[PDB]
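Asker: as they sit in the full assembly, here are the leading chains:
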Amino acid sequence: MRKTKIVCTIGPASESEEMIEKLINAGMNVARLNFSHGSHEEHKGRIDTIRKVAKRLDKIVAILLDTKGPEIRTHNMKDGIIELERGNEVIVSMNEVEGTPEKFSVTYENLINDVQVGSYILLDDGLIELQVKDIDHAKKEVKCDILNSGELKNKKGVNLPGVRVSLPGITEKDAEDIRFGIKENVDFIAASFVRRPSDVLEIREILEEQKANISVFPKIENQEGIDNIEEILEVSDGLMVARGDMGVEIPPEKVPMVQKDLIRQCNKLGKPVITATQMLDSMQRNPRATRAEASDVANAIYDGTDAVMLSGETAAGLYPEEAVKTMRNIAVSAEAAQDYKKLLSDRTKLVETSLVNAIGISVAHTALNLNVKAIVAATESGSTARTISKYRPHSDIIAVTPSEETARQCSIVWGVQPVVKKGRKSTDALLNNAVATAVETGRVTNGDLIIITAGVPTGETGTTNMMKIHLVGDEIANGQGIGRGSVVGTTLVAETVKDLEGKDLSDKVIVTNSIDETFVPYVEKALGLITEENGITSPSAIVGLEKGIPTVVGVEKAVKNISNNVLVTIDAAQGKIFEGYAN
């Protein structure tokens, strides 16, 4: 009962062995490392702090590396600062220059081939917005009308409202960053400013040289990216949705509409999605989030987000532990209050109806209708855990995996609580293990229903292809059942007809040797009946069937063996009796 995962950006305020512990405990599933800043030294240090604290507390926490990505900057400015009037003209040169309210240079020299007359250019994350008046490839200059006035520092950023920005997929830096990732077996890479499938593939070819197995999560920041969302997922292992980055190049009024649409588009293909940035940015300074932040976090989860990220709140903020705690809270809250029936019905239409998904569909329905405590998902890679996650069932998903690393990849998918048990070969071993693993988590006990799903045989496993429904043991008594119903109720072992005379409410299941004429008045008042020995037309049997009470005759030493007063559940079909609550 936790479901939506929490990604936390590690920083100064959270490097310590102490605070990493307190964050794992507050509910941190995935540690983010931002390579926009900081050296490989600093990062390698934190990776070790994380790995050790994690294996001490014995919890799966994954590592995510966020590439800095390609970008467009301003070359230094005269005096450092320089101003720009609100109705004037500025020249955007492709050759480096000192800054001036007239002449002014950018690090992306090819800008001039991407824009055109009338296109907008945004300086310093949208601080001041220009607009292209004319273009001379002669001088290689872009004359622009300054629309909103304001200042301009040196190495400040520039954004081109798509505009097929023609930067490469990855920096040379990025390429170095991501080789570092491969060296530390990091679990995720969050590729920045992705916009075409190429941009992802540039990272995947690097990974395939090393046969690295890392999941690759695009960061869709601009129109080109939004537009190519299907094609990008086609080639990607997940997805991030940074809204702060995205809000620059596209209007904030339009942003949530897109956020919804992206997350939807992930869920459709079962790719995990992270909603990122601007989540609880008040909690850097304060110890409790605003209402509109609490609202936005929740609406992420209502939009369908496998996970939720924290940037500065945990990195350099004043209150890291509190921001993690409060993140988990808002999650549990706005999940508590959501209708899994609609939710499932919704995904049943949304996701495609195909041989790959057949089981995800059956499992999710079966889980909802029979109220199963846990779906134990057996995975090598994790596809089965994600095939089950994507259909969003109330039941807690449990991913039993031999691969430690695929376990960490699971830590981000929705609803999946992963465990590492060692490889069984035979389907039979797979099934019995599952049932063991589910009980040893503690989330399931003897009463509960469990759905065991996996791809078998585990060798030729492509997709998940079988399910088993399983009661977690284990009939305390049994015999010949009469009737076909079932009930729960506290026992009342009766030696005599007078051993239940002036002390009888309903709501109990009576346990005698047989039924006389003197028992038949008392039986009808009761809930159930367990007679010791007998046959199908016996006095005990006939009186049960007739009065519509579920019973079981032919129970070995029922009076001696089964205890008095203990609550029990009988099942007419099967002819089994159980310890407490059953199904």
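Answerer: Looks like it arrived, so ask away. Residues are numbered from 1 along each chain as shown, chains lettered A, B, ... in the order given.

Asker: give me every residue that touches the residue lying farthest from the centre of chain A.
Answerer: Relative to the centre of chain A, the most outlying C-alpha is that of residue A:517, 61.4 Å out, by C-alpha atoms, centre = their mean. Residue A:517 makes contact with no residue under the criterion C-beta atoms under 8 Å, 6 or more residues apart in numbering. The C-beta positions use only the backbone N, C-alpha and C, and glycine is treated the same way.

Asker: and residue A:279, that's in a helix?
Answerer: No - Residue A:279: not assigned to a helix; according to DSSP: H, G, I helix; E, B strand; the rest coil it is coil.

Asker: can you tell me how far the spatially most central residue of chain A is from residue A:238?
Answerer: When C-alpha atoms, centre = their mean is applied to chain A, the residue found nearest the centroid is residue A:414 (2.2 Å). Computed as C-beta to C-beta, to the nearest Å, the residue A:414 to residue A:238 distance reads 11 Å.

Asker: quickly list what's touching both of these two.
Answerer: Common neighbours of residue A:414 and residue A:238 (C-beta under 8 Å, 6+ apart) are A:272, A:306.

Asker: tell me if I'm right that the residue nearest to the centre of chain A and residue A:300 touch.
Answerer: No - Residue A:414 lies out of contact with residue A:300 (C-beta atoms under 8 Å); the separation is 11.9 Å.

Asker: which residues of the stretch 251-400 of chain A fall in strands?
Answerer: Ranges of strands in the stretch 251-400 of chain A, per DSSP state E, counting those that start in this stretch, are A:273-276, A:307-310, A:374-378, A:396-400.

Asker: give me the contact list for the first one.
Answerer: In other words, strand A:273-276. A:7, A:190, A:217, A:238-243, A:259, A:262-263, A:266-267, A:300, A:303-309, A:311, A:412.

Asker: go with 7 Å
Answerer: A:7, A:217, A:238-242, A:259, A:262-263, A:266, A:300, A:305-309 (C-beta atoms under 7 Å, 6 or more residues apart in numbering).

Asker: add chain B to the structure above, sequence below:
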Amino acid sequence: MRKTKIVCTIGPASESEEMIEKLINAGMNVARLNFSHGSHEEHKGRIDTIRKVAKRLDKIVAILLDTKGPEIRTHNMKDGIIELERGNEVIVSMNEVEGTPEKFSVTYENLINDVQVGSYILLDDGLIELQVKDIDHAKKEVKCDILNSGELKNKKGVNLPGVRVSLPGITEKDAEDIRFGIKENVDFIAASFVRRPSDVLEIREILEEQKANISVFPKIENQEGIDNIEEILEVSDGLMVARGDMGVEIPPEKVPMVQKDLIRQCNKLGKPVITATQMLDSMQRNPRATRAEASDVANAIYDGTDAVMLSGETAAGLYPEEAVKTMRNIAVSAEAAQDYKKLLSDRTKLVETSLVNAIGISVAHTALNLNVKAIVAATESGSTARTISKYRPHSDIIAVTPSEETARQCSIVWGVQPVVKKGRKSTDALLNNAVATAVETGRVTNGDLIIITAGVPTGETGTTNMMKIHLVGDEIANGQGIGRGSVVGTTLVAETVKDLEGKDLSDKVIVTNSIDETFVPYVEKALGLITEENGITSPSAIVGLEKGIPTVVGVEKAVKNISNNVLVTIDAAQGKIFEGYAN
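Answerer: Placing chain B onto the earlier chains gives this:
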């Protein structure tokens, strides 16, 4: 295509005749007057500024009066300010006293009978929170443990986390405020701190003395209120949901969950709901809202809100017009992007299935499936406009009302654009007027489909009970139709077989006298056919039916009358031909 209504709190920054115009133009449906502050003088002044600007621009804008309501305050403090340590004790006296870090009085003398040992008390809108240690009715004092430290000014407020706060429904002030309302024929009263049905009824009995007809909108600020949400609506004409007020007495983490549930519960009964407070509170100082504000506004509209309110943003803020403009924008945006099929399907299950609703259901489906441009709703009171609004159809609802005032009451319900046309007696007049009214709005023209709904006969009108589907006129030609289909296509009047020889794509509807052997090669290549005179088995008719082309034979002077090249729509059944696009 506007749908979600905008309520704006008038204030200093927006009293002027000029700025009221600019706000009506930015999209203001309802002017709010907050009687928490300001004198009847100031309010009467603004009511006249509003009424005049509104009738000059010829737009319906309603007036809403927000009562101040009952409250709990602190009696003055020694030196004005007084401090309270974080682990100490403070005494909450029921008898007035000067303030002290020990002794300390409240205006609600009966507080002591509502609380109990362990209950929490919040000072100055939650600034510092106390907790009840012990109670002596002897001294009539409440000893409390101060949990969070902080200062305390004089006449500051106090909140008791429900706790059946036993204040009355309305102040004596409120009673005076609301009589003022009745004197100016104000359209709404937003009763503060409502929590039981009584509290509403207290206002309704006042109104019924005057036979005032004003809609009464509870403000649900505390648990007792939330808990009684059904019973309150039973007796209320609408509902507000102030979150700022609500966030005090209940945790912000839990707030949106409740917001959703309330709005739902309104939609279920078709009571309009206003989402209020903390909407775009950044726009008081700034000219454009944040992303998390833009997100929250939208998520209001996704939750299902008939309207959206602006407090300080339009009242005393720096940027009033911009905040109204941007409100409308975020509305249009997050409506644009929402699935009216799910929406309708959702409300079809959600609202009850009853004689009163039958027609709302039929109209909403009929509207979705046939893609009707406008649902014209004929109302005396407005119940029909709300019966249609509650099922949320894409179609623009138009409320034709004889009552000017019921028109202003409509201005708040979802999707309803009201107009005042004068009373027709006969159903026939009602129908023809409607069709006229719909066209004169300009939103519908000749191609369009229209659903006309009302309660008839208009006398014994209790609930809406009839609908008519109506094509907005008006067959330009007609005759004997052959086939049963229909198409749109540009004409090609052919005098000769050679009058369409070497100049023929498909996509056209040919208009000749009859069909020869020499026409029958060209007809099959075309979209439709209109022959001048003929019978059912004619050369013209038989060749159409056979080749599967919709045609009409027997058209009076078809070659002379119907123009060439003009786009036209023919209907095989009926045997009608139309000006442009039809249905």
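
Asker: check the contacts of strand A:273-276 one more time with chain B there.
Answerer: Under the criterion C-beta atoms under 7 Å, 6 or more residues apart in numbering or on different chains, residues A:7, A:217, A:238-242, A:259, A:262-263, A:266, A:300, A:305-309 lie in contact with strand A:273-276.

Asker: tell me which of these fall in helices.
Answerer: Judged by DSSP state H, helices contain the following of the contacts of strand A:273-276: A:259, A:262-263, A:266, A:300.

Asker: which two in the residues you listed are spaced the farthest apart?
Answerer: Greatest spacing in these, by C-beta to C-beta: A:266 and A:300 (12.4 Å).

Asker: quick one, which of those two is more surrounded?
Answerer: residue A:300 (29 against 22; other C-beta atoms under 10 Å in any protein chain shown).

Asker: quick one: contacts for the more buried one?
Answerer: So residue A:300 contacts A:275, A:308 (C-beta under 7 Å, 6+ apart).

Asker: same check, this time on the one 10 residues further on
Answerer: Contacts of residue A:310 were listed using C-beta under 7 Å, 6+ apart, and they are A:7-9, A:279-280, A:323-324, A:327.

Asker: picking that back up, gap between the closest residue to the residue nearest to the centre of chain A other than its chain neighbours and residue A:281?
Answerer: Among residues not flanking residue A:414 along the chain, residue A:306 sits closest, at 4.1 Å (C-beta to C-beta, 6 or more residues apart in numbering or on different chains). Remark: distance between residue A:306 and residue A:281 (C-beta to C-beta) = 21 Å.

Asker: what's the answer for residue A:488, then?
Answerer: For residue A:488, the distance to residue A:281 - C-beta to C-beta - is 50 Å.

Asker: what do you get for residue A:297?
Answerer: 11 Å.

Asker: neighbour-wise, which of these two wins?
Answerer: Higher neighbour count among residue A:297 and residue A:281: residue A:297, with 27 against 21, using other C-beta under 10 Å.

Asker: so how far is residue A:265 from residue A:252?
Answerer: 21 Å.

Asker: burial of residue A:352, as a residue count?
Answerer: For residue A:352, the tally of surrounding residues (other C-beta under 10 Å) stands at 8.

Asker: now the closest residue in space to it that isn't next to it in sequence: how far from chain B?
Answerer: Distance criterion C-beta to C-beta, 6+ apart; nearest residue to residue A:352, sequence neighbours excluded, is residue A:268 at 7.7 Å. Separation of residue A:268 from chain B (C-beta to the nearest C-beta, to the nearest Å): 15 Å.

Asker: also, this goes in as chain C:
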Amino acid sequence: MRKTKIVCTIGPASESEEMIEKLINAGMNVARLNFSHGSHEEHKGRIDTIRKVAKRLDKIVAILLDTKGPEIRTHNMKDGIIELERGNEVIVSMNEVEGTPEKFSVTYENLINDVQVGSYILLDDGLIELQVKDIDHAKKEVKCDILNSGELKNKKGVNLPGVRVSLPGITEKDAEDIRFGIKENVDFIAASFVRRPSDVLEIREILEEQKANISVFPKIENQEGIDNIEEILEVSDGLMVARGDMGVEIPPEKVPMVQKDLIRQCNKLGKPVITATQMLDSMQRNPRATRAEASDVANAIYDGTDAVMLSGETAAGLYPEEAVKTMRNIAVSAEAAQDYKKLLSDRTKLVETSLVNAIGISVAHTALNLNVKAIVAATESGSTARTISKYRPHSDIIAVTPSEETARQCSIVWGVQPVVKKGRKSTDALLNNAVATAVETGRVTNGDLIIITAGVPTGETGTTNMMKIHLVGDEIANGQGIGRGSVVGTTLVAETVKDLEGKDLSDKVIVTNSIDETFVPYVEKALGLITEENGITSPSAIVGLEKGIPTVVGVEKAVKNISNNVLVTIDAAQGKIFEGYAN
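Answerer: One more chain to add, chain C, which I have set with the ones above:
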């Protein structure tokens, strides 16, 4: 509660004025005249016997004329009879000859161009089946292998298992027969051996010369017909399904499968279908049908048949009245036992979702969910009665028509009980008349709900386009309702608190002047409350709302006016009270 219509073939056993009465009374909706046999003299005689008996008993009964149709016969045989061995050869000559076990002629001389080597030919309704060995157009002879042996009389029939039998649409006889129809304003023509649209059109061109307005019902007897079922209905007013005729050319094992599919294909377009032939053919000799006949009749009605026909059973059989009685019985039985929910749901998917149908859909659902007693359908032509019938609602359809003849056309459509009331011009007249007409049938009284549907304005009526839900009057008392519910219950006018003391069950609605402290104990025990005068927060009002009892305050002289002990129904919303049961 009758629904499925009964067509009866008039004959010797049923010509009499006496037996025609007894058949109309047994439930005969449509009199069939078979022009396969008998002279215009005999038929004109029966048409008058029918018209007179029908207008005497004041019941609508229609007249259906069944054309003999084109056919293939054998030219006379040598000695009259002639035999054919089981493994031998016979010659099918195109030139007339005397019969012989070798040479043998047929009236359809063109047979030879339709068949081919291997095709089967059936003699004497399938008595003996031949198969084409070789063809010589030289001698114009068809050499065939005789497969099943048997005798052969003279002018006996011949069938060619489709095989595009190339006969014309109609005999010259048929053409004369159908002109006779036009002269007697007969209501239906059942065209025999139809197989293409042409075959129907041949009858429709004849009709259009006379502007006759008669409905044309194909008889689909062979594969070509089955195959062209859609295209035939496109051009036809209804459809018959003679199984006896059909069983010849196609295997009996395959017949019901086709019957189902046809009837379905009618319902899809709302064309009425008659299931014909071999219905209760045991009842010609016996007085009560077999089980398998009773089964087949019902299964017709389950397949979705607008009507059911009787051939010999009523024509020349021994027991005509009994066969009609028993037909009606089996109908009522197997309708009684059928789920209108599935049925409607079924037709909602089956029939197309279009502007023409919108109202049929709404009306059918509205009718099912609100349990309306009668759908009164106002029609000039009858399309509205059929647009409603096709969606099969439990509610009894009533067709109010100015046209006497369109009333007789209605007598065959499913569920429609037609009446002739005189033309109203205004929608208002149309509505009020309807309500009158429904009550004057007697099927609806004051409690009942009614759906009034028609195409308006009645001038430009193409398709049905409006509905009104209407309670059949008429509030006996009214006033200010409190609460929103409603109940039924017997009154108990109380003058005193003691006027209901020691004589009080629940289940009653109390009628006093006002409520004291001494009434408030008794009110909570009751069902409803009607207090004489009062306001909304009155003692009477407040005690109702609080205890959840629907009440109405402000009822003029309620104690004096409304009677004691009479059963009554109150409605909290509206604030109306009614005579007995309401809605």
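
Asker: re-run the earlier check on the contacts of strand A:273-276 with chain C in the model.
Answerer: Residues contacting strand A:273-276 (C-beta under 7 Å, 6+ apart): A:7, A:217, A:238-242, A:259, A:262-263, A:266, A:300, A:305-309.

Asker: ok, of those, which come out buried?
Answerer: A:7, A:217, A:238-242, A:259, A:262-263, A:266, A:300, A:305-309 (16 or more other C-beta atoms under 10 Å in any protein chain shown).

Asker: what's the helix or strand encompassing residue A:244 packed up against?
Answerer: Per DSSP states H and E, residue A:244 falls inside helix A:243-249. The contact analysis (3 or more C-beta pairs under 7 Å, 6 or more residues apart in numbering or on different chains; DSSP states H and E) places helix A:243-249 against helix A:255-269.

Asker: would you mind listing the buried residues in the helix it packs on?
Answerer: In helix A:255-269, counting by 16+ other C-beta under 10 Å, buried: A:255-260, A:262-263, A:265-268.

Asker: likewise stretch A:368-378?
Answerer: Buried-residue list, stretch A:368-378, by 16+ other C-beta under 10 Å: A:368, A:372-378.

Asker: pull the CA atoms of that stretch into CSV?
Answerer: C-alpha atoms of stretch A:368-378 as CSV (Å, rounded to 0.1, in the frame of the first residue of the first chain):
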residue,chain,number,x,y,z
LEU,A,368,-9.9,-6.8,-8.5
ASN,A,369,-12.8,-9.2,-8.4
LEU,A,370,-11.5,-11.8,-6.0
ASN,A,371,-9.8,-9.2,-3.8
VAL,A,372,-6.3,-10.9,-3.8
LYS,A,373,-3.7,-9.5,-1.3
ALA,A,374,-0.7,-9.8,-3.6
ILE,A,375,0.3,-10.5,-7.2
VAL,A,376,3.7,-12.1,-7.0
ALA,A,377,5.5,-11.4,-10.4
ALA,A,378,8.4,-13.6,-11.3
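
Asker: ok, and what's touching it?
Answerer: Contacts for stretch A:368-378 (C-beta under 7 Å, 6+ apart): A:340-341, A:344, A:363, A:367, A:384-385, A:388, A:393-400, A:430, A:434, A:437-438, A:443-444, A:448-454.
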